[PDB]
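Input: a single structure, listed below in C-alpha cells.
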Amino acid sequence: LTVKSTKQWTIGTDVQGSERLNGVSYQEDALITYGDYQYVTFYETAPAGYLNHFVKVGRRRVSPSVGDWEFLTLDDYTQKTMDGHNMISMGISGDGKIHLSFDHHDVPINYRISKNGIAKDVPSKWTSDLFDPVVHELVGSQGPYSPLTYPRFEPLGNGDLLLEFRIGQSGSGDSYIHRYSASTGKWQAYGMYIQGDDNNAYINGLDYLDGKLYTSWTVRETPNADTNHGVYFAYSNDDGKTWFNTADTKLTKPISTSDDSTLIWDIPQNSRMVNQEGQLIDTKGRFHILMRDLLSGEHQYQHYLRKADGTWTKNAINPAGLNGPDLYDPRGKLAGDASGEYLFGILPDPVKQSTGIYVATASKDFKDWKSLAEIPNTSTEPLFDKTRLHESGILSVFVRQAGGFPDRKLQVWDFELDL
Ligand code: NA
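If you read the sequence shown in the deposited numbering, its first letter stands for residue 1, the second for the next number, and so on.
Following this line, the structure appears as C-alpha cells:
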C-alpha cells in the first residue's frame, strides 16, 4: 500500500480560545461523504468576534469528479462557551437529511435538521435557509435531554440514524440512544443503554456493520481523568435495544458499569489511559480499539483486537518515529479500507505536532505498523471520512492546525491510496 497523491484544502480559520472546539476526538462525525458529495462542519468566528462562533457546513462534489468547497453559515445560533467538550457532530440519514447536534457540556440538547433531503435531492444553492431552527428535543421521542454531553450519530443500514449521548456528568452518568426513522421523520427513544454506578462509561464511538452495532468503553470514577479503569466491549443485533458481551451472553438492559462480564482488559486507574479515543469495526467484522497507557514503563498507543476466533489481543503501536502519548495529549482514530485487509492508524504525535498515518495488515496480524504519510502542523484529534475511504480508496482527514490565531487553519487532507 502506497500513497498516489496528497492534496489539502484550507476550509476556515480556527476560532480563538483556551480550548479546542474544532477537531475533537468524539466528533461523530465531522466529515461525511453521502452519494456524490462530501460534507464537513466546524465553528468559525461570528462578527461579534472573540467568544462568538457560528456553525458552518461545507459541501463539495467528490464523484465522479472533485469540485470546490462551498459553505453556509448558521448565523442564528451563537456558540459562546469556551469549553473543549462543546463540539459538533453531524449525521446524514437515508432520506438525505443532514442532522447537527452541538455545543454541550452538561446542558440540554441542541439539535437541528435540514428542511428537506438536501444530500439526496441536491440543491443548487448552499445557504443557511436549508436548515430548520435549533430545537431542544427529538420530535417523536422523549427526554431526558439534559444534562447532555457527547452527541454521536451512527447511520443504520435502512437509512435510519442513531443519536447517542451521556445524560449526567463526569463520574456519575448514564448513556441513551434515540433512533430517527428516515421513512417517517420521527425519532424514537431506545432508552438508557448503559447505566453508571457513581461513575460513567466513556464509549469510544459507535460502529455499525451488517446489522450489528459495536461499542467499547472505559469507566471513569470521578472528574479526574486519572480515574479511568478497564476496557469494555458489547454489541447489539437490534440497533441498540439489547446487548451482548464478547461471548454472546445477553446483558441486562441497561448495561451496568458494575457488570464485569463486559470487561475485555483489565487496566487500573492511574494507567494514563484516556477516555473516548478510537474504535473500528473492520469490513471483515474484526473489532479494534485504540487506547494508550504507561503500563510498559513508556507511554504508548495500544491496539486491542477482537479476533475471529473470539480471543482478544493487546499490542503496542510502536512504529519507528512515533512518540507515545500521555493522558492529556490528542486522541487518535482507526480507519479501514473496503477489503478489511488494511488498518490505518491516524495518530497525533505530541512531540512532532503532526498527525501520522500508519498502516498495518490483517495478514501480519496487524503487527507490521509502517509509516505511510503525515499531516504536518496539527494540534488536533484527527477525524476521517469512512464512506469516502470505502467507496473511492481516498483517506480524507479533517484537522485543526497547530499555531496561533489567526494563522491556525482548519483543513481537509486527502490521501489517494494505491490499493
Ligand atoms: Na463518581
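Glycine is no exception: its CB is placed at the ideal position from the N, C-alpha and C atoms.
Looking from the CA of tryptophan 9, the closest CA among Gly403, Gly356, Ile375 and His390 belongs to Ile375. A residue is called buried once 16 or more other Cβ atoms fall within 10 Å of its Cβ, and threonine 127, having fewer, is exposed.
Rounded to the nearest whole angstrom, the CA to CA distance from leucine 163 to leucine 148 is 12 Å. Between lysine 370 and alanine 335, the gap from beta carbon to beta carbon reaches 9 Å or more. With respect to the C-alpha of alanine 201, the residue from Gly185, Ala189, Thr218 and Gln188 having the closest C-alpha is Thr218. Taken from the Cβ of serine 236, every heavy atom of ligand 1 lies 8 Å or farther away.
In this structure, the C-beta of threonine 222 approaches ligand 1 to less than 8 Å from one of its heavy atoms. A straight line joining the alpha-carbon of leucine 130 with that of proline 151 spans about 22 Å.
The residues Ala46, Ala48, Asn52, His53 and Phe54, in chain order, have a CB closer than 8 Å to that of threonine 78 in the same chain once the five nearest residues on each side in sequence are set aside. Contact between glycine 332 and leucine 347 holds: their C-beta atoms lie close to 4 Å from each other, under 8 Å.
The segment 159–177 makes contact with the segment 187–205; the number of CB pairs closer than 8 Å reaches 3 or more. Less than 9 Å divides the Cβ of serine 114 from the Cβ of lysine 97. For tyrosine 208, DSSP records a beta bridge to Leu213. Sequence-distant partners of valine 134 (beyond 5 residues in either direction) whose C-beta falls short of 8 Å from its own C-beta, in its chain, are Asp76, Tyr77, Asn110, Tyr111 and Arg112. In this structure, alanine 225 lies away from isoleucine 255, with their beta-carbon atoms at least 9 Å apart.
The segment 203–222 makes contact with the segment 273–284; the number of CB pairs closer than 8 Å reaches 3 or more. Ranked by Cα distance from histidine 288, the options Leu206, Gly140 and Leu395 are led by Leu206.
Inclusion of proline 330 and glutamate 381 in the CB contact set at 9 Å is warranted, their separation being smaller than that value. Residues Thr33, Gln38, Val62, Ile394 and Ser396 of the same chain have their beta carbon placed closer than 7 Å to that of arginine 388, with the five preceding and five following residues left out of the count. Bounds of the alpha helix (DSSP H) holding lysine 386 are 386–392. Taking 3 residues as the minimum length, the beta strand (DSSP E) runs contained wholly in the segment 135–203 are 148–155, 161–169, 172–180, 187–195 and 200–203, in order along the chain. If you look at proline 348, you'll find it in the beta strand (DSSP E) that goes 342–349. Using a Cβ distance threshold of 9 Å, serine 93 and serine 101 do not count as a contacting pair. CA-CA distance, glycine 297 to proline 325, rounds to 12 Å. The beta carbon of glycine 230 sits no closer than 8 Å to any heavy atom of ligand 1.
In the DSSP annotation of this structure, the continuous segment of the beta strand (DSSP E) that includes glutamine 8 starts and ends at 3–13. The residues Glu19 and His105, in chain order, have a CB closer than 8 Å to that of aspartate 83 in the same chain once the five nearest residues on each side in sequence are set aside.
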